[PDB]
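Asks: One structure, as structure tokens, below. Some questions next.
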Amino acid sequence: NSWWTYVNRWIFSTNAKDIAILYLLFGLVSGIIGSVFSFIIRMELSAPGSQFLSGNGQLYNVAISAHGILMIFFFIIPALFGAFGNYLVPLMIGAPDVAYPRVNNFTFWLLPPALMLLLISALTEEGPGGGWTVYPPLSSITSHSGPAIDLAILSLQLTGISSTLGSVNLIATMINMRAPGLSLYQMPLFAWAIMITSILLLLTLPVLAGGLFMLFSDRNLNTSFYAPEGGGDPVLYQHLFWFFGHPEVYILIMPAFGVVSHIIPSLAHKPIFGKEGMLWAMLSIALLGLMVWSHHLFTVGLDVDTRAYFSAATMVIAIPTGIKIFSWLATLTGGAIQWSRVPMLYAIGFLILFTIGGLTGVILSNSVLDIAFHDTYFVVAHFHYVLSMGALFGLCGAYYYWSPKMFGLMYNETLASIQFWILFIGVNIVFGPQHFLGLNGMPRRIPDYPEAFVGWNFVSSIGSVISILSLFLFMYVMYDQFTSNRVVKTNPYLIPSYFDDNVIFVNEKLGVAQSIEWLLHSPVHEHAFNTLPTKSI
Amino acid sequence: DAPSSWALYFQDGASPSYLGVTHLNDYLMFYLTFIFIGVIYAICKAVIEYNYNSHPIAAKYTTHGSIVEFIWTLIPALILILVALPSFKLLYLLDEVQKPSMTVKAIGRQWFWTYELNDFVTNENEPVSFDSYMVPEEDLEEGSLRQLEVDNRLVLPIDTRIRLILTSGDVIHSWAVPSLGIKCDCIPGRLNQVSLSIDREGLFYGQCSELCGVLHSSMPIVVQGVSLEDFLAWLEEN
Amino acid sequence: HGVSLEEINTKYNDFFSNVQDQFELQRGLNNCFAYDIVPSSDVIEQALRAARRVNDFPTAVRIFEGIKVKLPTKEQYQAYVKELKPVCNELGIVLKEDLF
Amino acid sequence: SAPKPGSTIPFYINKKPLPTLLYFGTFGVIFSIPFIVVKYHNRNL
Amino acid sequence: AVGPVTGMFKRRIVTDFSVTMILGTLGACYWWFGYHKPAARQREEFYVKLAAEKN
Ligand code: HEA
Ligand code: HEA
Ligand SMILES: CCCCCCCCCCCCCCCC(=O)OC[C@H](COP(=O)(O)OCCN)OC(=O)CCCCCCCCCCCCCCC
Ligand SMILES: CCCCCCCCCCCCCCCC(=O)OC[C@H](COP(=O)(O)OCCN)OC(=O)CCCCCCCCCCCCCCC
Ligand code: CUA
Ligand SMILES: [Ca+2]
Ligand SMILES: [Mg+2]
Numbered sequence: 002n003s004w005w006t007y008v009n010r011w012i013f014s015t016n017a018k019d020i021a022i023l024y025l026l027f028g029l030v031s032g033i034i035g036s037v038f039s040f041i042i043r044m045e046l047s048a049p050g051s052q053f054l055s056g057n058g059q060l061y062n063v064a065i066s067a068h069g070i071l072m073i074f075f076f077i078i079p080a081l082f083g084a085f086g087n088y089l090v091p092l093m094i095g096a097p098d099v100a101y102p103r104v105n106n107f108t109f110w111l112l113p114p115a116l117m118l119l120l121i122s123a124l125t126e127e128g129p130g131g132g133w134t135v136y137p138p139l140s141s142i143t144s145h146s147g148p149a150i151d152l153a154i155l156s157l158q159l160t161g162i163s164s165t166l167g168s169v170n171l172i173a174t175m176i177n178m179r180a181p182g183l184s185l186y187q188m189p190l191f192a193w194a195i196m197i198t199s200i201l202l203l204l205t206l207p208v209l210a211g212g213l214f215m216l217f218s219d220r221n222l223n224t225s226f227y228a229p230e231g232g233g234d235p236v237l238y239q240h241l242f243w244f245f246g247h248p249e250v251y252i253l254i255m256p257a258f259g260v261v262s263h264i265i266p267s268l269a270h271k272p273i274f275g276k277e278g279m280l281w282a283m284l285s286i287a288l289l290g291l292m293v294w295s296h297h298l299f300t301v302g303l304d305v306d307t308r309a310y311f312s313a314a315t316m317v318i319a320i321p322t323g324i325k326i327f328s329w330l331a332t333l334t335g336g337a338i339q340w341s342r343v344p345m346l347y348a349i350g351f352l353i354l355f356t357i358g359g360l361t362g363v364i365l366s367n368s369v370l371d372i373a374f375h376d377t378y379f380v381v382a383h384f385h386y387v388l389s390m391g392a393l394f395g396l397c398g399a400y401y402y403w404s405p406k407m408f409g410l411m412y413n414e415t416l417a418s419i420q421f422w423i424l425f426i427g428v429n430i431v432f433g434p435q436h437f438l439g440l441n442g443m444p445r446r447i448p449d450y451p452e453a454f455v456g457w458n459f460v461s462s463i464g465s466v467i468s469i470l471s472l473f474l475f476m477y478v479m480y481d482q483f484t485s486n487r488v489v490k491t492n493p494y495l496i497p498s499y500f501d502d503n504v505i506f507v508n509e510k511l512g513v514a515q516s517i518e519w520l521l522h523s524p525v526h527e528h529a530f531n532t533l534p535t536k537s538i
Numbered sequence: 010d011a012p013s014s015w016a017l018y019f020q021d022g023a024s025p026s027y028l029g030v031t032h033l034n035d036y037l038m039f040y041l042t043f044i045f046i047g048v049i050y051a052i053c054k055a056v057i058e059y060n061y062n063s064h065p066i067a068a069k070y071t072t073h074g075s076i077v078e079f080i081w082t083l084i085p086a087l088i089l090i091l092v093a094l095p096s097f098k099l100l101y102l103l104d105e106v107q108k109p110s111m112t113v114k115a116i117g118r119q120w121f122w123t124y125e126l127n128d129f130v131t132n133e134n135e136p137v138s139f140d141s142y143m144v145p146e147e148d149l150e151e152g153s154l155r156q157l158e159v160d161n162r163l164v165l166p167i168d169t170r171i172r173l174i175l176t177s178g179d180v181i182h183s184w185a186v187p188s189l190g191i192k193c194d195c196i197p198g199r200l201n202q203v204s205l206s207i208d209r210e211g212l213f214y215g216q217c218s219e220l221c222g223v224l225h226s227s228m229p230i231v232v233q234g235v236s237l238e239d240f241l242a243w244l245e246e247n
Numbered sequence: 040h041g042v043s044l045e046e047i048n049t050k051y052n053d054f055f056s057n058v059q060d061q062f063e064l065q066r067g068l069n070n071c072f073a074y075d076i077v078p079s080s081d082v083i084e085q086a087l088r089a090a091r092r093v094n095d096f097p098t099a100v101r102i103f104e105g106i107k108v109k110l111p112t113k114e115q116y117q118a119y120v121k122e123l124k125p126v127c128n129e130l131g132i133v134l135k136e137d138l139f
Numbered sequence: 022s023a024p025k026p027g028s029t030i031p032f033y034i035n036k037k038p039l040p041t042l043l044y045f046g047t048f049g050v051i052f053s054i055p056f057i058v059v060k061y062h063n064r065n066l
Numbered sequence: 002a003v004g005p006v007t008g009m010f011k012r013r014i015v016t017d018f019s020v021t022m023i024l025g026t027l028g029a030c031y032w033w034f035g036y037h038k039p040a041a042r043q044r045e046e047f048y049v050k051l052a053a054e055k056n
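Next up, the structure:
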């Protein structure tokens, strides 16, 4: 009877390896639903006027809000921040298991009920209509009558508290379970980044918890927390929300930084340039990304001195990121490059998209400049061309780079490269025309638009269609990899140097890697690190 | 002033702040195009020539920054100062208030816009107010622009500066016009004070941006300049 | 910083003066070809003598292949082969382009 | 217990003829959910 | 007795830096001379014509 063994190995199991795979699967099943939502909303705006629908604006609001919320909180955060950390951080720190296995098991299972209740909420008579950033007066019982947005508030609350509970054990694990002789300074860059995101998320999210609960209480207890007649100021709500929203994207994108800084050296066979400078600049970014929050409130009408104070500091964020990009550029040159490898392809494509997105972000960090682009399609282009080009590319590269370690299989290089090229072209021709659409002075979140905009929407729709074929090809390649029984060696990314004999290398050179995870067999043991690896003190 | 087809630039407008905004945008774009093309060429060239089949030996023994990290810290920061300064003096020019002349009110509840000119209250005791409404598609005048016209169009004289008053009594709205480059938030309870100055005598277009429910996209805003005699005739007409 | 340009040349010549193990020879030979420093005549000649001593043939031809790959132009490689021909003929070394 | 993994952690058995239809049907329904979602809001209309 | 021959890495990086610098500078110069000056000059000419036609 393997059924008891089945459910003990999967449900009543607390091993880190058996949980990250479920993290990836949950991320995938959220991402497919989100991609179809995005496809339907982009197909709505193919041409001006009501199209495929009876002009249902509330339905369009539900669609955009659902796409945003589910793809920002059910696709990227749970499938990148903790999915590739809980599996891999114990391997690089020198520990056999996380500090608290039971909380690690608990954190994962708070998400499925969140997804079901979010779907139920979206399946109400009205559904959430405040968008990704819901606002009190719109959310007020005056507009919505029913259990539509309350469940969305609850889902955000519980997902946030689960993510906070899913990050308490990680910090303890990587602060106390360090290897003998592994100073915190000598820690690998990826775990450095993941710990920075963990501490930032835990420090900031409680504020969201409290603010969201007090805002939600307005619908039931009739509190005057944000009522215009009750003495409440919604600018307080905006300040509370954007004390969280601004660093959230950084804590989402830092794992991409770490995975890129890990992918570049091994496939380049060259050590990373300036590790200490890079990590200290990233620490400066982490500390800096908190005191700037009011760039999302530029046209609300705050005072001149506050605007200058919180707009001047927006620029200084660029300097460490530019230093990081320059360091990666320097690392790429000189050393060998295998440009044909899929992780190398994704890492190379990440840099140009991230830097152009950063340039777009530095475009609109001025109160003098934001007035022409605030709440228009230009900010949509900026934030999309940063998010879906950095976090999605990092996730794809991490999957294609560490998949043999998760399972022990080989994918098809041809199909993977074709998928990468198709996805790159589609996402480049999707968010391209939106730059012009927002540069003309046309707002966002409008199912209908003035007639002199049809061409760029038509150009975007074809790329939106192409992205769906990219998704189909990725699904096919994942299935093929899962059922191809293609074996993998211990360290598939280790090759003999220019002066290694074919008989000396095979017998006196195997079992060497830049990181610990490649030392063990690709399907890792349940109980690894029986004895602690000891380095040079 | 109005959107065109296959547009690449912003538009042709008329407002003292709009010209300065366009100038600053031109300078900032001149700044960033440099860095964008430089990084693109660097990424392309560092890989197209250094592939494995042509460079089987890697100079793995250079991982120290002697004088390069310092220049990395300075030069982009120099560019940052060079772009920050003009924006700073533009903002410090804009934050001042000129000599007030008259005010308008732009209160709007839901899917319609109400305007008031209560400066000219006198013995007649007839303050002027109306409501600008979305014109239906069927009743559009032959040759009209869909989704960008109103029935009771707003009227402001040219070359006269107005200290516009922004207020709302419902869910938050916004008051935007790309040609004039002036925007602020129709936040309920609190009034937002903004200015305006039209140089030409032409029809200007715009609408709200911050979503306010199902029909957030059904309140276009049209303001057109008029001469002094036309303005006086319009005022005495009602 | 650490070693300068010529100091590592002298150090690696001194190291290759006495090597009895194939693994150590390959290790030092790898570590030498990473400083953008093309070995001098004494260094390459002593490396060839060491390869003869530790009794490994393909390392000798790999030396010339790697030097040809590392050198910037054909003229420097031609000068090197002209000045090192007698050695190769003395130790029975066959070049890649003439091997097949 | 000292078992050696067979490099197979798929959460469910996979093979060519039969399981392909199940996998493709699951993919199709989880792709087409938004459809019924958009149809529900325009049922009584 | 030829002696060590070095400097290839620095030569390559110097050449690549030169090409990148000149290409970026030329692109920026083209943008500055093409989009700003003609548009501003045309605006000034049109405004002068409008002021003349006013009276
Ligand atoms: C996904 C991650 C991510 C990242 C990395 C960034 C990066 C940045 N973002 Fe962005 N941003 C978002 C996600 C992100 N943003 C989201 C989601 C929103 C919308 C919020 C919402 O409405 O929900 C948003 C919106 C947003 C706004 C709001 C505009 C509006 O709606 O009115 C502003 C304004 O300041 C801003 C600024 C910046 C800045 C200055 C950076 C900087 O980090 C960029 C720095 C990077 C570079 C500049 C490139 C590298 C640097 C060099 C090559 C050095 C040399 C450069 C020069 C000298 C030119 N972001
Ligand atoms: C997580 C960040 C994220 C991501 C990835 C996306 C992805 C996309 N978004 Fe979205 N979007 C937002 C964040 C994001 N968005 C936010 C915050 C808003 C605002 C919400 C609000 O206004 O309320 C928004 C709103 C928004 C709008 C607003 C509608 C309007 O204003 O008119 C539009 C319309 O164009 C849009 C388009 C897209 C498109 C085309 C994609 C993508 O299709 C682009 C290409 C990407 C893919 C097609 C997916 C690839 C996936 C894989 C290959 C699978 C990998 C799986 C694993 C291995 C686990 N987005
Ligand atoms: C987000 C802000 C909300 C408040 C934060 C608290 C969140 C809930 C409490 C979770 C415990 C926090 C860590 C304690 C330290 C610790 O680790 O306890 C140790 C254990 C795990 O470690 P271990 O036994 O493996 O250690 C190894 C020992 N040598 O914890 C637990 O078993 C937690 C107990 C299960 C509770 C989970 C259900 C949470 C309910 C949330 C709803 C109630 C709050 C609602 C708020 C509106
Ligand atoms: C916005 C753009 C403005 C750009 C302005 C910056 C101008 C200064 C930058 C140049 C400084 C570095 C040159 C090396 C000089 C030198 O010779 O350094 C000395 C070392 C020589 O090797 P060694 O240390 O082992 O010598 C040992 C002595 N015994 O070189 C190197 O290792 C170079 C290795 C890293 C450098 C790679 C550069 C990658 C791109 C850099 C940025 C590209 C800009 C793209 C946009 C224009
Ligand atoms: Cu009115 Cu949005
Ligand atoms: Ca439409
Ligand atoms: Mg706004």
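Protein chains in written order, with the deposited numbering: chain a, 2 to 538; chain b, 10 to 247; chain f, 40 to 139; chain h, 22 to 66; chain i, 2 to 56.
Where a beta carbon is used, it is the ideal one built from N, C-alpha and C, also for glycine.
#1: Can you tell me whether a/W281 is helix, strand or coil according to DSSP?
#2: What three-state label does DSSP hand b/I196 in the structure shown?
#3: Do a/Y386 and a/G427 have their C-beta atoms within less than 8 Å of each other?
#4: Using only Cβ atoms and a threshold of 5 Å, which residues come within that distance of a heavy atom of ligand 7? Order them by chain position.
#5: If contacts are defined as beta-carbon pairs under 8 Å, then b/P25 and b/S226 qualify, I think. What distance do you get, rounded to the angstrom?
#6: Excluding sequence positions up to five away, which residues of its chain have a Cβ less than 7 Å from the Cβ of f/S79?
#7: By a C-beta neighbour count over all protein chains shown, 10 Å radius and 16 as the cutoff for buried, is a/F258 buried or exposed?
#8: Quick one, are the C-beta atoms of a/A84 and a/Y24 less than 8 Å apart?
#9: Which one of b/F97, b/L244, b/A185 has the shortest CA to CA distance from b/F213?
#10: Determine, using beta carbons only, whether b/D10 and b/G211 come nearer to each other than 8 Å.
#11: Enumerated in chain order, which unbroken segments of the alpha helix (DSSP H) with a length of 4 residues or greater are wholly contained in the segment 135 to 168 of chain a?
#12: Tell me the residue span of the alpha helix (DSSP H) that contains a/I70.
#13: I want to know whether the segment 152 to 160 of chain b touches the segment 446 to 458 of chain a - three or more CB-CB distances under 8 Å.
#14: As a quick exercise: from b/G29, b/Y40, b/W122, pick the residue whose alpha carbon is nearest that of residue 7 of chain b.
#15: The alpha helix (DSSP H) with b/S183 in it runs from where to where?
#16: For a contact defined as C-beta to C-beta under 8 Å, what are the partners of f/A73 on chain b?
#17: Name, in chain order, the residues that DSSP records as bridge partners for b/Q233.
#18: Based on Cα-Cα distance, which residue from a/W243, a/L303, a/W133 lies nearest to b/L220?
#19: Any idea what DSSP makes of b/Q202, helix, strand or coil?
#20: Mind checking if h/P38 is an interface residue toward chain a, Cβ cutoff 8 Å exclusive?
#21: Below 8 Å between beta carbons is the criterion; list the residues of the segment 476 to 510 of chain a that meet it against any residue of chain f, in chain order.
#22: Taking any heavy atom of ligand 6 as the mark, which residues have a C-beta closer than 5 Å to it, listed down the chain?
#23: Checking the sheet assignment: what are the DSSP bridge partners for b/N60?
#24: Among the candidates a/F506, a/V455, a/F530, whose CA atom is the shortest distance from the CA of a/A48?
#25: Measure the C-alpha to C-alpha separation of a/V8 and h/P31 and round it to an integer number of angstroms.
#26: What are the boundary residues of the beta strand (DSSP E) that includes b/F139?
Replies: In short:
#1: In the first sequence, counting from the first residue as 1, residue 281 of chain a sits at position 280. In the structure shown, a/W281 sits in a helix (DSSP, three-state: H, G or I).
#2: Taking the second sequence and counting its residues from 1, one reaches residue 196 of chain b at position 187. Reduced to three states, the DSSP call for b/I196 is coil.
#3: Counting from 1 along the first sequence, the entry for residue 386 of chain a is found at position 385. Counting from 1 along the first sequence, the entry for residue 427 of chain a is found at position 426. Not a contact, by the Cβ cut-off of 8 Å.
#4: a/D376, b/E219
#5: The sequence position of residue 25 of chain b within the second sequence is 16, counting from 1. The sequence position of residue 226 of chain b within the second sequence is 217, counting from 1. About 30 Å; that fails the 8 Å criterion.
#6: The residue given as residue 79 of chain f occupies position 40 in the third sequence. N48.
#7: Working through the first sequence from its first residue, we reach residue 258 of chain a at position 257. a/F258 comes out buried.
#8: For the purposes of this step, residue 84 of chain a is taken as the residue at position 83 of the first sequence. For the purposes of this step, residue 24 of chain a is taken as the residue at position 23 of the first sequence. Yes. Within cutoff.
#9: Within the second sequence, numbered from 1, the residue matching residue 213 of chain b stands at position 204. If we check each option's Cα against that of b/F213, b/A185 comes out closest.
#10: Here residue 10 of chain b refers to the residue found at position 1 when the second sequence is read from its first residue. Here residue 211 of chain b refers to the residue found at position 202 when the second sequence is read from its first residue. Contact: yes.
#11: 137 to 140
#12: Counting from one through the first sequence, the residue named residue 70 of chain a turns up at place 69. Its alpha helix (DSSP H) spans residues 58 to 72.
#13: Enough Cβ pairs lie closer than 8 Å, so yes.
#14: Any property of residue 7 of chain b remains undetermined from this structure, which presents chain b solely from 10 to 247.
#15: Position 174 of the second sequence, counted from the first residue, corresponds to residue 183 of chain b. No alpha helix (DSSP H) holds b/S183; the beta strand (DSSP E) holding it covers 182 to 186.
#16: Sequence index remark: in the third sequence, residue 73 of chain f carries index 34 (1-based). Within chain b, the residues near f/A73 are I66, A67, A68, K69, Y70.
#17: Position 224 of the second sequence holds residue 233 of chain b. Looking at the DSSP assignment, b/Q233 forms a beta bridge with b/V164, b/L212.
#18: On the second sequence, position 211 is the one that residue 220 of chain b refers to. Nearest of a/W243, a/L303, a/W133 to b/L220, Cα basis: a/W133.
#19: Translated into positions along the second sequence, residue 202 of chain b becomes position 193. Of the three classes helix, strand and coil, the one that applies to b/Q202 here is strand, per DSSP.
#20: On the fourth sequence, position 17 is the one that residue 38 of chain h refers to. h/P38 does not count as touching chain a.
#21: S498, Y499, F500, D501, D502, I505, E509
#22: a/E45, a/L46, a/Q52
#23: Counting from 1 along the second sequence, the entry for residue 60 of chain b is found at position 51. Note: b/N60 sits in a beta bridge opposite a/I338.
#24: Here the question's residue 48 of chain a lines up with position 47 in the first sequence. The shortest Cα separation from a/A48 among a/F506, a/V455, a/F530 belongs to a/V455.
#25: Numbered from 1 along the first sequence, position 7 holds the residue referred to as residue 8 of chain a. Numbered from 1 along the fourth sequence, position 10 holds the residue referred to as residue 31 of chain h. a/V8 and h/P31: Cα-Cα distance of roughly 14 Å.
#26: As a first step, residue 139 of chain b must be located in the second sequence, where it is residue number 130. Segment 137 to 141, the beta strand (DSSP E) holding b/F139.
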